[PDB]
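> Dropping in work.cif, which is mmCIF, C-alpha atoms and all ligand atoms:
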```
data_final
#
loop_
_atom_site.group_PDB
_atom_site.id
_atom_site.type_symbol
_atom_site.label_atom_id
_atom_site.label_comp_id
_atom_site.auth_asym_id
_atom_site.auth_seq_id
_atom_site.Cartn_x
_atom_site.Cartn_y
_atom_site.Cartn_z
ATOM 1 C CA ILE N 1 -2.122 -2.062 11.147
ATOM 2 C CA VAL N 2 -0.915 -2.759 14.694
ATOM 3 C CA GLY N 3 -0.978 0.112 17.187
ATOM 4 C CA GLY N 4 -2.847 2.470 14.938
ATOM 5 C CA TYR N 5 -6.177 4.251 15.125
ATOM 6 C CA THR N 6 -9.476 4.300 13.313
ATOM 7 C CA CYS N 7 -8.956 6.700 10.421
ATOM 8 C CA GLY N 8 -12.532 7.844 10.111
ATOM 9 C CA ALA N 9 -14.744 7.127 7.141
ATOM 10 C CA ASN N 10 -13.311 8.283 3.856
ATOM 11 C CA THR N 11 -10.494 10.308 5.452
ATOM 12 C CA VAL N 12 -7.951 8.414 3.263
ATOM 13 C CA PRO N 13 -9.811 8.773 -0.034
ATOM 14 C CA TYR N 14 -7.043 7.223 -2.190
ATOM 15 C CA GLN N 15 -7.047 3.966 -0.194
ATOM 16 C CA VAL N 16 -8.502 1.009 -2.063
ATOM 17 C CA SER N 17 -9.251 -2.583 -1.038
ATOM 18 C CA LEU N 18 -8.410 -5.334 -3.509
ATOM 19 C CA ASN N 19 -11.117 -7.966 -3.223
ATOM 20 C CA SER N 20 -11.398 -11.557 -4.503
ATOM 21 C CA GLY N 21 -14.460 -12.520 -2.495
ATOM 22 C CA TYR N 22 -12.624 -11.136 0.533
ATOM 23 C CA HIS N 23 -10.183 -8.286 1.217
ATOM 24 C CA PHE N 24 -6.663 -9.443 0.458
ATOM 25 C CA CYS N 25 -4.524 -6.329 -0.083
ATOM 26 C CA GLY N 26 -4.553 -2.598 -0.249
ATOM 27 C CA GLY N 27 -3.720 -0.157 -2.999
ATOM 28 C CA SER N 28 -3.597 3.536 -3.848
ATOM 29 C CA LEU N 29 -5.604 5.367 -6.481
ATOM 30 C CA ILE N 30 -3.235 7.522 -8.570
ATOM 31 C CA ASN N 31 -5.712 8.707 -11.204
ATOM 32 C CA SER N 32 -9.277 7.833 -12.200
ATOM 33 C CA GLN N 33 -8.215 4.655 -13.999
ATOM 34 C CA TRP N 34 -5.090 3.350 -12.197
ATOM 35 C CA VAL N 35 -4.102 1.904 -8.870
ATOM 36 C CA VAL N 36 -0.643 1.226 -7.414
ATOM 37 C CA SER N 37 -0.219 -1.885 -5.288
ATOM 38 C CA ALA N 38 2.419 -4.567 -4.533
ATOM 39 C CA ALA N 39 3.570 -7.138 -7.073
ATOM 40 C CA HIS N 40 3.155 -9.840 -4.507
ATOM 41 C CA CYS N 41 -0.585 -9.025 -4.392
ATOM 42 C CA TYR N 42 -1.078 -10.150 -8.011
ATOM 43 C CA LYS N 43 -3.771 -12.726 -8.715
ATOM 44 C CA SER N 44 -6.643 -13.296 -11.086
ATOM 45 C CA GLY N 45 -10.128 -12.060 -10.293
ATOM 46 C CA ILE N 46 -9.357 -8.703 -8.698
ATOM 47 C CA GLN N 47 -12.190 -6.315 -7.926
ATOM 48 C CA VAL N 48 -11.060 -2.874 -6.773
ATOM 49 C CA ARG N 49 -13.196 -1.393 -4.025
ATOM 50 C CA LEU N 50 -13.013 2.386 -3.699
ATOM 51 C CA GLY N 51 -14.690 4.640 -1.160
ATOM 52 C CA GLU N 52 -14.616 1.943 1.562
ATOM 53 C CA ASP N 53 -14.654 2.320 5.278
ATOM 54 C CA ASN N 54 -16.377 -0.794 6.737
ATOM 55 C CA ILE N 55 -15.337 -3.443 4.199
ATOM 56 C CA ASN N 56 -18.084 -5.821 5.441
ATOM 57 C CA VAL N 57 -21.080 -3.436 5.100
ATOM 58 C CA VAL N 58 -22.433 -1.462 2.143
ATOM 59 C CA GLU N 59 -22.519 2.021 3.727
ATOM 60 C CA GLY N 60 -22.738 4.273 0.716
ATOM 61 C CA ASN N 61 -19.930 5.889 -1.255
ATOM 62 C CA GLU N 62 -18.437 2.611 -2.454
ATOM 63 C CA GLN N 63 -17.434 1.966 -6.056
ATOM 64 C CA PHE N 64 -16.631 -1.594 -7.061
ATOM 65 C CA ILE N 65 -14.710 -1.798 -10.383
ATOM 66 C CA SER N 66 -13.053 -4.826 -11.894
ATOM 67 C CA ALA N 67 -9.372 -4.760 -12.735
ATOM 68 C CA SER N 68 -8.927 -4.857 -16.512
ATOM 69 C CA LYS N 69 -5.074 -4.973 -16.409
ATOM 70 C CA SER N 70 -2.781 -6.108 -13.611
ATOM 71 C CA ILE N 71 0.817 -5.268 -14.459
ATOM 72 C CA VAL N 72 3.500 -6.634 -12.159
ATOM 73 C CA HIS N 73 6.897 -5.040 -12.507
ATOM 74 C CA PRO N 74 8.875 -7.220 -14.998
ATOM 75 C CA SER N 75 11.795 -7.415 -12.580
ATOM 76 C CA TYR N 76 9.818 -8.373 -9.465
ATOM 77 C CA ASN N 77 11.778 -11.021 -7.585
ATOM 78 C CA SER N 78 9.609 -13.207 -5.366
ATOM 79 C CA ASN N 79 12.565 -14.298 -3.240
ATOM 80 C CA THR N 80 14.285 -10.961 -2.501
ATOM 81 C CA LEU N 81 11.063 -8.988 -2.905
ATOM 82 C CA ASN N 82 12.879 -6.394 -4.997
ATOM 83 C CA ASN N 83 10.638 -4.358 -7.294
ATOM 84 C CA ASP N 84 7.483 -5.126 -5.304
ATOM 85 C CA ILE N 85 5.122 -2.917 -7.325
ATOM 86 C CA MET N 86 2.112 -3.514 -9.562
ATOM 87 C CA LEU N 87 -0.187 -1.293 -11.567
ATOM 88 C CA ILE N 88 -3.893 -2.078 -11.897
ATOM 89 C CA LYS N 89 -5.986 -0.496 -14.611
ATOM 90 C CA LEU N 90 -9.682 -0.196 -13.807
ATOM 91 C CA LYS N 91 -12.241 -1.458 -16.348
ATOM 92 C CA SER N 92 -14.009 1.891 -16.091
ATOM 93 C CA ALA N 93 -12.869 5.161 -14.625
ATOM 94 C CA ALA N 94 -13.748 5.801 -11.034
ATOM 95 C CA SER N 95 -15.930 8.818 -10.260
ATOM 96 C CA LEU N 96 -13.762 11.160 -8.282
ATOM 97 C CA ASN N 97 -15.280 13.221 -5.434
ATOM 98 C CA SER N 98 -14.216 14.090 -1.786
ATOM 99 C CA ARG N 99 -14.460 10.444 -0.690
ATOM 100 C CA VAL N 100 -12.725 8.931 -3.743
ATOM 101 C CA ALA N 101 -9.637 10.848 -4.803
ATOM 102 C CA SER N 102 -6.209 10.235 -6.255
ATOM 103 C CA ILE N 103 -2.875 10.649 -4.459
ATOM 104 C CA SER N 104 0.065 12.355 -6.159
ATOM 105 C CA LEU N 105 3.237 10.513 -7.089
ATOM 106 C CA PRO N 106 6.520 11.876 -5.676
ATOM 107 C CA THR N 107 8.723 14.272 -7.592
ATOM 108 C CA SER N 108 11.694 13.408 -5.221
ATOM 109 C CA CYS N 109 12.433 10.776 -2.683
ATOM 110 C CA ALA N 110 11.722 11.337 0.982
ATOM 111 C CA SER N 111 14.401 11.761 3.620
ATOM 112 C CA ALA N 112 15.001 9.840 6.916
ATOM 113 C CA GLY N 113 12.726 11.196 9.612
ATOM 114 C CA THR N 114 9.921 12.194 7.273
ATOM 115 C CA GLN N 115 6.531 11.446 8.898
ATOM 116 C CA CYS N 116 4.077 9.416 6.853
ATOM 117 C CA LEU N 117 0.587 7.971 7.045
ATOM 118 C CA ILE N 118 0.253 4.214 6.551
ATOM 119 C CA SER N 119 -3.206 2.661 6.271
ATOM 120 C CA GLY N 120 -5.061 -0.592 5.732
ATOM 121 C CA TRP N 121 -7.491 -3.298 6.793
ATOM 122 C CA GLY N 122 -4.792 -5.748 7.872
ATOM 123 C CA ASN N 123 -4.152 -7.561 11.124
ATOM 124 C CA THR N 124 -4.248 -5.378 14.255
ATOM 125 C CA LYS N 125 -2.386 -7.867 16.480
ATOM 126 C CA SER N 126 1.362 -8.494 16.842
ATOM 127 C CA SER N 127 0.605 -11.998 18.136
ATOM 128 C CA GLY N 128 -2.427 -13.810 16.800
ATOM 129 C CA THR N 129 -4.921 -12.281 14.409
ATOM 130 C CA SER N 130 -7.737 -9.767 14.448
ATOM 131 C CA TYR N 131 -8.987 -8.140 11.262
ATOM 132 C CA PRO N 132 -10.879 -4.866 11.504
ATOM 133 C CA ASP N 133 -14.076 -3.799 9.823
ATOM 134 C CA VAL N 134 -13.008 -0.220 9.363
ATOM 135 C CA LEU N 135 -9.869 1.359 7.938
ATOM 136 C CA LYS N 136 -6.914 1.805 10.331
ATOM 137 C CA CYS N 137 -4.169 4.406 10.173
ATOM 138 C CA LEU N 138 -0.675 4.815 11.619
ATOM 139 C CA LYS N 139 1.663 7.779 11.621
ATOM 140 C CA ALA N 140 5.245 6.562 11.182
ATOM 141 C CA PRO N 141 8.638 7.976 10.267
ATOM 142 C CA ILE N 142 11.032 6.827 7.564
ATOM 143 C CA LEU N 143 14.131 5.351 9.124
ATOM 144 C CA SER N 144 17.733 5.918 8.130
ATOM 145 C CA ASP N 145 19.329 3.584 5.598
ATOM 146 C CA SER N 146 21.860 2.496 8.231
ATOM 147 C CA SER N 147 19.160 1.575 10.734
ATOM 148 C CA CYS N 148 17.178 -0.246 8.060
ATOM 149 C CA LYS N 149 20.221 -2.292 6.969
ATOM 150 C CA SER N 150 21.117 -3.044 10.580
ATOM 151 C CA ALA N 151 17.641 -4.405 11.129
ATOM 152 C CA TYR N 152 17.633 -6.468 7.920
ATOM 153 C CA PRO N 153 21.266 -7.175 6.838
ATOM 154 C CA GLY N 154 21.682 -8.282 3.262
ATOM 155 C CA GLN N 155 17.953 -7.822 2.546
ATOM 156 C CA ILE N 156 17.409 -4.141 1.795
ATOM 157 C CA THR N 157 17.800 -3.057 -1.805
ATOM 158 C CA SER N 158 17.861 0.460 -3.239
ATOM 159 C CA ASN N 159 14.136 -0.027 -3.955
ATOM 160 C CA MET N 160 13.165 -0.443 -0.312
ATOM 161 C CA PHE N 161 13.004 1.665 2.822
ATOM 162 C CA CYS N 162 12.091 1.049 6.417
ATOM 163 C CA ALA N 163 9.484 2.976 8.383
ATOM 164 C CA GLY N 164 8.049 2.705 11.824
ATOM 165 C CA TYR N 165 9.278 2.149 15.335
ATOM 166 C CA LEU N 166 12.109 0.089 16.682
ATOM 167 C CA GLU N 167 10.546 -0.092 20.186
ATOM 168 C CA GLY N 168 7.736 -2.324 18.964
ATOM 169 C CA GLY N 169 3.982 -1.942 18.998
ATOM 170 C CA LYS N 170 3.277 0.133 15.880
ATOM 171 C CA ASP N 171 3.533 -1.295 12.348
ATOM 172 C CA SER N 172 1.736 -2.483 9.220
ATOM 173 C CA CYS N 173 0.981 -6.200 8.965
ATOM 174 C CA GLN N 174 -0.472 -8.993 6.851
ATOM 175 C CA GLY N 175 -3.551 -7.721 5.044
ATOM 176 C CA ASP N 176 -1.995 -4.256 4.620
ATOM 177 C CA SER N 177 0.273 -5.223 1.688
ATOM 178 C CA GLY N 178 -0.008 -3.077 -1.362
ATOM 179 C CA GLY N 179 -1.364 -0.133 0.599
ATOM 180 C CA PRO N 180 -0.086 3.395 0.859
ATOM 181 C CA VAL N 181 2.679 5.152 2.711
ATOM 182 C CA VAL N 182 1.925 8.859 2.107
ATOM 183 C CA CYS N 183 4.289 11.587 3.199
ATOM 184 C CA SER N 184 3.540 15.284 2.688
ATOM 185 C CA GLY N 185 0.850 14.447 0.165
ATOM 186 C CA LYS N 186 2.935 12.071 -1.968
ATOM 187 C CA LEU N 187 2.798 8.301 -2.308
ATOM 188 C CA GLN N 188 6.322 7.390 -1.217
ATOM 189 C CA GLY N 189 5.832 3.756 -0.202
ATOM 190 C CA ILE N 190 3.917 0.516 -0.695
ATOM 191 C CA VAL N 191 3.397 -1.893 2.174
ATOM 192 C CA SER N 192 5.729 -4.816 1.262
ATOM 193 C CA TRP N 193 7.232 -6.991 3.987
ATOM 194 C CA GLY N 194 8.702 -7.304 7.465
ATOM 195 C CA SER N 195 9.783 -9.864 10.049
ATOM 196 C CA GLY N 196 6.595 -10.456 12.155
ATOM 197 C CA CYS N 197 4.618 -7.316 12.832
ATOM 198 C CA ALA N 198 5.302 -4.627 15.386
ATOM 199 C CA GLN N 199 8.245 -6.550 16.798
ATOM 200 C CA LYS N 200 11.137 -4.795 18.492
ATOM 201 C CA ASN N 201 13.958 -3.951 16.089
ATOM 202 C CA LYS N 202 12.010 -5.232 13.050
ATOM 203 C CA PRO N 203 10.375 -2.255 11.311
ATOM 204 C CA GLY N 204 8.227 -2.403 8.223
ATOM 205 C CA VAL N 205 9.807 -2.546 4.790
ATOM 206 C CA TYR N 206 8.221 -0.597 1.953
ATOM 207 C CA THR N 207 8.679 -0.334 -1.808
ATOM 208 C CA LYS N 208 10.400 2.979 -2.626
ATOM 209 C CA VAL N 209 7.916 4.483 -5.019
ATOM 210 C CA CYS N 210 10.095 7.474 -6.044
ATOM 211 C CA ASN N 211 12.334 5.037 -7.947
ATOM 212 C CA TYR N 212 9.387 3.957 -10.094
ATOM 213 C CA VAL N 213 7.738 7.226 -11.085
ATOM 214 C CA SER N 214 9.113 7.119 -14.637
ATOM 215 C CA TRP N 215 8.206 3.412 -14.989
ATOM 216 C CA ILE N 216 4.645 4.135 -13.766
ATOM 217 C CA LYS N 217 4.218 7.061 -16.152
ATOM 218 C CA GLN N 218 5.632 5.131 -19.136
ATOM 219 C CA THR N 219 3.510 2.046 -18.375
ATOM 220 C CA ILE N 220 0.314 4.062 -17.988
ATOM 221 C CA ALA N 221 1.055 6.001 -21.223
ATOM 222 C CA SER N 222 1.449 2.778 -23.210
ATOM 223 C CA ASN N 223 -1.642 1.008 -21.762
HETATM 224 CA CA CA S 1 -18.349 -0.791 2.753
#
```
I'd like the structure from this file rewritten - as structure tokens, please.

Amino acid sequence: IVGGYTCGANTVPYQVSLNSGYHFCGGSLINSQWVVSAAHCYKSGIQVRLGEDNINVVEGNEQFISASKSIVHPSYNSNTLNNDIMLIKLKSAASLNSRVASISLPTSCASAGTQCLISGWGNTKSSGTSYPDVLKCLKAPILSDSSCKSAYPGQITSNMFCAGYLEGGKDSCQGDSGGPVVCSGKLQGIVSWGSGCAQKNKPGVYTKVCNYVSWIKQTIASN
């Protein structure tokens, strides 16, 4: 997250870190046994880390649980990035409490101008790299479909939206992929892609979770 702020420990209790000997992506806890992340985050050897603030120090409140299933959307396209969503089933259920809690799925899509909270342990620099110890947060609005398509012509599908700031300085970044975009208590987005980070006229692009609620429910019910 570039241009954000330190969330505060456990203030985003649905935020998870996906770890393979290092933090590589975020995710969102949607019930005690399932996490939503990005398809492009798929790999073998995923350990889900819940309850984290400083990802480099054991502080208390962490739960480390291996992924038992990692289900990339069958129609994920690694060139267009359409359908950039994955479900992870935990080997055991997480213990839910104030510091580890699920986030609700949307019942409807969010409108342009809706304010959201985006979070992660990704890069905090627009040029160069700096990775934080603690979780970072950014408040950001959803942009209009016309502004999003103007920024990224030919590249925005119905399963994507833009959020952030066209003036530069405030965005998600590498290391944030798979993490949450929460608006009015609902998980509306997944950190997906963008051109650079926090660059003028190049907002973040996010998977439009409201299009996948039925797919998520059906996939969880059958697994
Ligand atoms: Ca920790």
> Could you check the closest approach to ligand CA 1 (chain S) for each of N:69, N:40, N:149, N:49 and tell me which residue wins, using only C-alpha atoms and all ligand atoms?
N:49
> List all protein, DNA and RNA residues that have at least one atom no more than 9 Å from any atom of ligand CA 1 (chain S), counting all atoms listed in the file, and write them as a ChimeraX atom specification.
/N:49-62,133-134
> Counting only C-alpha atoms, which residues in range 22-72 of chain N sit no more than 6 Å from range 164-185 of chain N? For each one, give the nearest pair of atoms and the distance in Å, sorted by chain then residue number, as a Markdown table.

```
| residue | atom | partner | partner_atom | distance |
| --- | --- | --- | --- | --- |
| N:24 | CA | N:175 | CA | 5.8 |
| N:25 | CA | N:177 | CA | 5.2 |
| N:26 | CA | N:179 | CA | 4.1 |
| N:27 | CA | N:179 | CA | 4.3 |
| N:28 | CA | N:180 | CA | 5.9 |
| N:37 | CA | N:178 | CA | 4.1 |
| N:38 | CA | N:178 | CA | 4.3 |
```
> Every residue with an atom at most 8 Å from (10.4, 6.3, 7.4) (file coordinates; only C-alpha atoms) is what I'm after, so could you write them as a short mmCIF file (atom, residue, chain, number, x, y, z; two decimals) with C-alpha atoms, in the frame of the given file?

```cif
data_model
loop_
_atom_site.label_atom_id
_atom_site.label_comp_id
_atom_site.auth_asym_id
_atom_site.auth_seq_id
_atom_site.Cartn_x
_atom_site.Cartn_y
_atom_site.Cartn_z
CA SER N 111 14.40 11.76 3.62
CA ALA N 112 15.00 9.84 6.92
CA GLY N 113 12.73 11.20 9.61
CA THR N 114 9.92 12.19 7.27
CA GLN N 115 6.53 11.45 8.90
CA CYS N 116 4.08 9.42 6.85
CA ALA N 140 5.24 6.56 11.18
CA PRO N 141 8.64 7.98 10.27
CA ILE N 142 11.03 6.83 7.56
CA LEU N 143 14.13 5.35 9.12
CA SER N 144 17.73 5.92 8.13
CA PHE N 161 13.00 1.66 2.82
CA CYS N 162 12.09 1.05 6.42
CA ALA N 163 9.48 2.98 8.38
CA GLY N 164 8.05 2.70 11.82
#
```
> When distances are computed from only C-alpha atoms, which of N:30, N:151, N:1, N:221 shows the smallest separation from residue 195 in chain N?
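Closest to residue 195 in chain N, using only C-alpha atoms: N:151.
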> For this structure, which residues satisfy the selection - the PyMOL selection byres (((chain N and resi 192) around 8) and not hetatm) - when it is evaluated on the file as given? I want them as a PDB file with C-alpha atoms, in the coordinates of the input.

```
ATOM      1  CA  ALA N  38       2.419  -4.567  -4.533  1.00  0.00           C
ATOM      2  CA  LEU N  81      11.063  -8.988  -2.905  1.00  0.00           C
ATOM      3  CA  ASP N  84       7.483  -5.126  -5.304  1.00  0.00           C
ATOM      4  CA  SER N 177       0.273  -5.223   1.688  1.00  0.00           C
ATOM      5  CA  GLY N 178      -0.008  -3.077  -1.362  1.00  0.00           C
ATOM      6  CA  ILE N 190       3.917   0.516  -0.695  1.00  0.00           C
ATOM      7  CA  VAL N 191       3.397  -1.893   2.174  1.00  0.00           C
ATOM      8  CA  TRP N 193       7.232  -6.991   3.987  1.00  0.00           C
ATOM      9  CA  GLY N 194       8.702  -7.304   7.465  1.00  0.00           C
ATOM     10  CA  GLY N 204       8.227  -2.403   8.223  1.00  0.00           C
ATOM     11  CA  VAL N 205       9.807  -2.546   4.790  1.00  0.00           C
ATOM     12  CA  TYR N 206       8.221  -0.597   1.953  1.00  0.00           C
ATOM     13  CA  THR N 207       8.679  -0.334  -1.808  1.00  0.00           C
TER      14      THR N 207
END
```
> Separation of CA of residue 188 in chain N and CA of residue 219 in chain N, in Å?
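Interatomic distance here is 18.2 Å.
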> Would you compute the distance between CA of residue 103 in chain N and CA of residue 14 in chain N? Give it in Å to one decimal.
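If I compute the distance from CA of residue 103 in chain N to CA of residue 14 in chain N, I get 5.9 Å.
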> Enter the distance from CA of residue 213 in chain N to CA of residue 5 in chain N, in Å, rounded to one decimal.
29.8 Å
> Counting only C-alpha atoms, figure out which residue out of N:92, N:123, N:70, N:98 gets nearest to residue 43 in chain N.
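When distances to residue 43 in chain N are compared using only C-alpha atoms, the smallest one comes from N:70.
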> Nearest to residue 4 in chain N: which of N:124, N:159, N:214, N:199 is it, counting all atoms listed in the file?
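Of N:124, N:159, N:214, N:199, the one nearest residue 4 in chain N is N:124, counting all atoms listed in the file.
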> Is it possible to get the axis-aligned box enclosing range 200-209 of chain N (all listed atoms, 3 Å extra per side) as lines of an AutoDock Vina configuration file, with centre and edge lengths in Å rounded to one decimal?

```
center_x = 10.9
center_y = -0.4
center_z = 6.7
size_x = 12.0
size_y = 15.7
size_z = 29.5
```
> When distances are computed from all atoms listed in the file, which of N:135, N:209, N:101, N:118 shows the smallest separation from residue 9 in chain N?
N:135
> For residue 11 in chain N, which of N:100, N:187, N:215, N:132 is the closest residue, counting all atoms listed in the file?
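For residue 11 in chain N, the nearest of the given residues is N:100.
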> List the neighbours of residue 212 in chain N out to 9 Å using all atoms listed in the file; skip same-chain residues closer than 5 positions along the sequence, and give me the result as a list in words.
residues 83, 85, 159 and 217 of chain N
> Neighbouring residues of residue 80 in chain N were defined as those with any atom within 9 Å, considering only C-alpha atoms; residues of the same chain fewer than 2 positions away were excluded. Please report them as number ranges by chain.
N: 76-78, 82-83, 155-157
> Let me know the residues the PyMOL selection byres (((chain N and resi 90) around 10) and not hetatm) catches in the file above, as number ranges by chain.
N: 32-35, 46-48, 64-70, 87-89, 91-94
